[PDB]
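Colleague: An experimental structure, sequence included, is below.
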Amino acid sequence: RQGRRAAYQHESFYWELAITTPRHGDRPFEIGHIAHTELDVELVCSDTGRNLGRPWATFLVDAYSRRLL
DNA sequence: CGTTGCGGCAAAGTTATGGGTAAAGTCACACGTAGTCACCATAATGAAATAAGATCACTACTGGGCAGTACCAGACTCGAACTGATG
Ligand SMILES: [Mg+2]
Ligand SMILES: [Mg+2]
């Protein structure tokens, strides 16, 4: 009906019967994620005060402690 | 006198309403919302044009003066001659 990107919410999860390597990390600085986004905020210039559009934030996260590295 | 129905009194029973606390749900993070014709009045030239103005050329009408002519004396000047005083 809508496509694969819409059925992605109706996906079967992965449930661990046995214990493989842990998904989020055995220790800090083992698995760390990089991801970009654009912040939902309009920013103004510091000198001339025009609309500069929405900025972009990139995050590096330690997946074990979920810490924003 | 004893019994029976009726009514007051005060817990007791049932709903309702505004509080607190853990615990089942809920939903966005997944690159994204701003973006684009349609609209008719006003300035604003630049061109188109003006309506009158400017000058040429011709036609007719009407003031009107200059080089030259002419006479009638009055008046000053002077050839030519007359005539008187004189050394
Ligand atoms: Mg992203
Ligand atoms: Mg977003």
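Modeller: Done, it's in. Numbers count the residues shown, from 1 in each chain, chains lettered A, B, ... in the order given. Ligands and ions are numbered 1, 2, ... in the order given.
Colleague: Please make it C-alpha for all contacts and neighbour counts, starting now.
Modeller: Will do.
Colleague: Give me the three-state assignment for the nearest residue to residue A:27 once chain neighbours are set aside.
Modeller: Nearest residue to residue A:27, sequence neighbours excluded (Cα to Cα, 6 or more residues apart in numbering): residue A:64, at 6.4 Å. Judged by DSSP: H, G, I helix; E, B strand; the rest coil, the three-state class of residue A:64 is coil.
Colleague: Am I right that residue A:64 is in contact with residue A:28?
Modeller: Yes. Using Cα atoms under 8 Å, residue A:64 makes contact with residue A:28 at a distance of 5.7 Å.
Colleague: more neighbours, those two?
Modeller: Each of residue A:64 and residue A:28 has its neighbours counted (other Cα atoms under 10 Å); residue A:64 has more, 17 against 14.
Colleague: Please give me every residue in contact with that one.
Modeller: A:24-32 (Cα atoms under 8 Å, 6 or more residues apart in numbering).
Colleague: Now secondary structure and distance to DNA strand B too, for those residues, in CSV please.
Modeller: What follows is the contacts of residue A:64, written out as CSV (DSSP: H, G, I helix; E, B strand; the rest coil; distance: Cα to the nearest atom of the strand, whole Å):
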residue, secondary structure, distance to DNA strand B
A:24, coil, 15
A:25, coil, 19
A:26, coil, 22
A:27, coil, 23
A:28, coil, 22
A:29, coil, 22
A:30, coil, 21
A:31, coil, 18
A:32, strand, 16
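Colleague: Which pair of those spans the longest distance?
Modeller: Maximum pairwise distance among the contacts of residue A:64 (Cα to Cα): 11.7 Å, between A:26 and A:32.
Colleague: Ligand 1 contacts on chain A?
Modeller: A:36-37 (Cα under 5 Å from the ion).
Colleague: Please, where are all the strands along chain A?
Modeller: Using DSSP state E, the strands of chain A run over residues A:32-38, A:56-62, A:67-68.
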